[PDB]
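What follows is a single chain, given as structure tokens, in the form deposited in one PDB entry.
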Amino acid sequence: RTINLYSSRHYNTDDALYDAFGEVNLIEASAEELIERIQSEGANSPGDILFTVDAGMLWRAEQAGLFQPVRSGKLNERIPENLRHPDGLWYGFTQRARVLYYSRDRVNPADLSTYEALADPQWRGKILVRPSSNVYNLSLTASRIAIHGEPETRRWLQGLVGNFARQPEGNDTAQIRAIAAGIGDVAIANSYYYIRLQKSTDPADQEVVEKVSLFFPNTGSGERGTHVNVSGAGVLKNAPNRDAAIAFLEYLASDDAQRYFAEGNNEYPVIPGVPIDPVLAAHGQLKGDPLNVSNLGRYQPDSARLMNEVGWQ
């Protein structure tokens, strides 16, 4: 049982997941780089699976004609109707929330509400987010354009960029740490990164958790919900290990794999039969935005374009 896996995932604890399945050859790069590669390789690509951390990039790979369909009883039963492709071209295996983090010392959480409100001039020199090319931010801005239209997203972005603590650098975790070091006050980053810190024995990670808290945005009165994205995969069209590939997707939907995603990388499992991690549950029930995740991919070029325009570097 052996695959060639094209992964844009970036979690060292993922290795244990791959080993538990079988012989797994990793081809790891950014989703964009992986898509261009599968394309340039043509009918000769040895790739079996494309595993991303973004429904947007899944949507684009799917639009490009990269996935072959995979119907099976197990998948059909274990993956929610909305977190997958109707024809089964790809499946979402985890869910994750793009949340807000804030300084417990400098921020009153009664001041927080939405991503939108962060363009208020009251956050001059106070916001931390990672670079615009990142897929998480792409998706977020794309969902905003879907929901509010371009002019309003442009406005939000103009405002938000003006409120940057520094030129964006570092990953989601780096923005959480920067809050602790007092470089900024509020950060946009994914939920599961914070839970990792809460479980860490590292005294420096407890120092970040002691200083920084998680706030769910857009969950209040009249608000749509938290931006939720998904990590997912589908079988590539020229898979030389077609059988092993399907075995992998079903393996990702298995109690074991979902239990790993839940309590090893602190994401939200998608299958019934596995609980959300207690440390993640302690924060509250996830109130995610209903938006069809196809929008995330549909508005990606506009998102890239817009963030370029306002100067989000």
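Quick note: we count residues from 1 along the sequence shown, nothing fancier. Under this definition, the rigid core comprises the largest set of C-alpha atoms superposing within 1.5 Å between the forms.
- As listed in the deposited structure, the average C-alpha B-factor of 224-232 and of 75-83 is greater for 75-83.
- Higher mean CA temperature factor, per the PDB entry, when comparing 131-139 with 193-201: 193-201.
- Of all the options 237, 166, 154, 96, the entry's greatest CA B-factor is assigned to 237.
- For the set 171, 114, 103, 122, the PDB entry puts the maximum C-alpha B factor at 122.
- Among all modelled residues in its chain, residue 2 ranks in the highest third by Cα B-factor.
- For residue 59, the recorded CA B-factor ranks within the highest third of the chain. Only modelled residues enter the ranking.
- Per the PDB record, residue ranking by Cα B-factor puts residue 207 in the highest third of the chain.
- In the deposited entry, the Cα temperature factor of residue 52 places it in the lowest third of its chain's modelled residues.
- Split the chain's modelled residues into thirds by C-alpha temperature factor. Residue 296 is in the lowest one.
The protein also exists as the form deposited in another entry; that form is not presented, and the subsequent description refers to it.
- Following superposition on the rigid core between this form and the one not shown, the residue from 75, 183, 209, 147 with a C-alpha displacement of 2 angstroms or more is 75, and no other.
- Once the rigid core is used as the reference frame, the Cα position of residue 101 differs between this form and the one not shown by less than 2 Å.
- Taking the rigid core as fixed, one finds a CA shift for residue 305 smaller than 2 Å between this form and the one not shown.
- In the core-superposed comparison between this form and the one not shown, the C-alpha atom of residue 258 has shifted by at least 2 angstroms.
- Inter-residue distance, residue 224 to residue 80 (Cα): reduced by at least 3 Å in the other entry versus the depicted form.
- Distance between the C-alpha atoms of residue 80 and residue 291: shorter in the other entry than here (change of 3 Å or more).
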